[PDB]
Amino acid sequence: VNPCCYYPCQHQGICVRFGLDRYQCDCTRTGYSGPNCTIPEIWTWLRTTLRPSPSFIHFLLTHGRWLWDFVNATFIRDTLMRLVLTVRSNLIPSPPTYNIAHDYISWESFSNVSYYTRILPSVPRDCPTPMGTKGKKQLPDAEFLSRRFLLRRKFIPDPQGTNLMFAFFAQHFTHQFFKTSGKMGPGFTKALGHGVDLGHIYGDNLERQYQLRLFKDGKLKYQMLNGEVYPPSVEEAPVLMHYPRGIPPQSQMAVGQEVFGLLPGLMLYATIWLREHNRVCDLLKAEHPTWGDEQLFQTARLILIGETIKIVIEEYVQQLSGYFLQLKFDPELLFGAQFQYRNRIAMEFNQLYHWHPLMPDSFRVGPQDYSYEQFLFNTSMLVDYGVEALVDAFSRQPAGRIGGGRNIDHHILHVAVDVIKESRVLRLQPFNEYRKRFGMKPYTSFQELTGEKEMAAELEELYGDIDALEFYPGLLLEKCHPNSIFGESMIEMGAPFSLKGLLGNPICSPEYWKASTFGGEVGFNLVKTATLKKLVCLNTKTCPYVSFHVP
């Protein structure tokens, strides 16, 4: 059999086929040597034996508030943040490596941004089993697997107090870089840009952008409804939007991310950010009476890109992490480091971010309780209630726990089933192999994975070997940290993808991170002091309860 099917090469070593049946591991710069890159160098050895486990660090970071407050007020905050940023980031290859067509480095893979990249090469097509060498010749029925371990029975709230405001931000935010192409197939994205470029607000292509712009004062087109500002209709902004046949254009809003009409939650943020852009335009014009529409537009976009990163690191991730350490967004922390300011979305990162357990059984707005059939394509909810009302509602309703299993509402369970099926098409390597790729020891049994016995026994019977457990199912079934939203894998595997994506942005480079880039001191401060509360309230008639945490 093909030797690489055994994943012989350890610690990021590269398996290459030589001759008709041999293989070799390129252990270059892995910190190890030997046939499979297992013989540790002196510093490699010290580092791995002195490194406390993920569980222990997580414990340190969620205990001793008093000590953390003291630390957050010192330069240590800067030391630890830079540490998190660099260590977390070094786990992501930059420039990118493989894609769905090349399980090896190639010029096509480096230049062709229509491909998602991947961290581990696919499971070779000629391996004994679908997962490589372990498990059964046939994987568990995707739908049965989902109905048995992911379907929600009783709604489980997130112990960390995460609300729907956070849940919709996450969806809205990620859909600017997760845009799998239906015509091209799995492993392909339309989200060229591969990151926080705000394409979900300005469009992922120029012509779409243009149809969305006013071309006056650098602003975005809009319409007034009830004396409030909302994205324009597809009639004033002839842009492709995905709405069910039978809905008139005069009821379809145009936003840049064609799929946003599918949820009031998504169109809410589309509205909020649109209002913020035009607001920033007004501020720039006061400072620069000589500027034209283009410069105003471009500069506001850079500012909004900055605000988003600021808000994602300091509030979004802060809420997710649960850390007592006050995370900080400051590009300077990396100026003395070796870091590439480029980013490429990975298919694994896409899989990992399918956080459907967050959605509730129904959507409570005031005393009214809306069902999925009343929420999904409602093109009038947003305008009926307005921004303040929905923000207050979503900020008050608790979202579901992500990890732990059995927590995805039946209405959207089909999404999980399809993620599992796509994983097999993409031939994603086993969960334990990804565990290793991110610094963890593989699980030695299902009972070790879940913190229990019943599910474990049933998973063991279906998969046959813990080494056959798949990527996505692994993330969602792994036991959660104490009172956390998900397990360690989600953190240890997602932190690297996230942070590299936030800081590996051109505006974070020494060349771009200057006040001139944002129109001056005033534009720069909008980025440096951006807040979820200001994003909403500086754009609404009244200020509601706004937060990523339930009250």
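So that the term is clear: the rigid core is the largest set of C-alpha atoms that superpose within 1.5 Å between two forms. Just count from 1 along the sequence shown to find any residue number.
With 487-495 and 43-51 as candidates, the stretch whose CA atoms show the greater average offset from this form in 5 other deposited structures of this protein after a core fit is 43-51. Larger root-mean-square CA separation from the shown form, computed after a rigid core fit of the structures in 5 other deposited structures of this protein, is seen for 91-99 when 91-99 is set against 354-362. Stretch comparison (17-25 versus 530-538) by mean CA B-factor in the PDB entry places 17-25 on top.
For the two regions 168-176 and 450-458, the entry's Cα B-factors average higher over 450-458. For the set 126, 294, 276, 103, the maximum C-alpha B-factor listed in the entry falls on 126. Looking only at 271, 226, 432, 350, the residue with the top Cα B factor in the deposited structure is 226. Ranked by C-alpha B-factor against the other modelled residues of its chain, residue 343 falls in the lowest third.
Among the modelled residues of its chain, residue 487 has a C-alpha B-factor that falls in the middle third according to the deposited record. The deposited CA B-factor of residue 202 belongs to the lowest third of values across its chain.
When the CA B factors of the chain's modelled residues are split into thirds, the value for residue 32 lands in the middle one.
Ranked by C-alpha B-factor against the other modelled residues of its chain, residue 419 falls in the lowest third.
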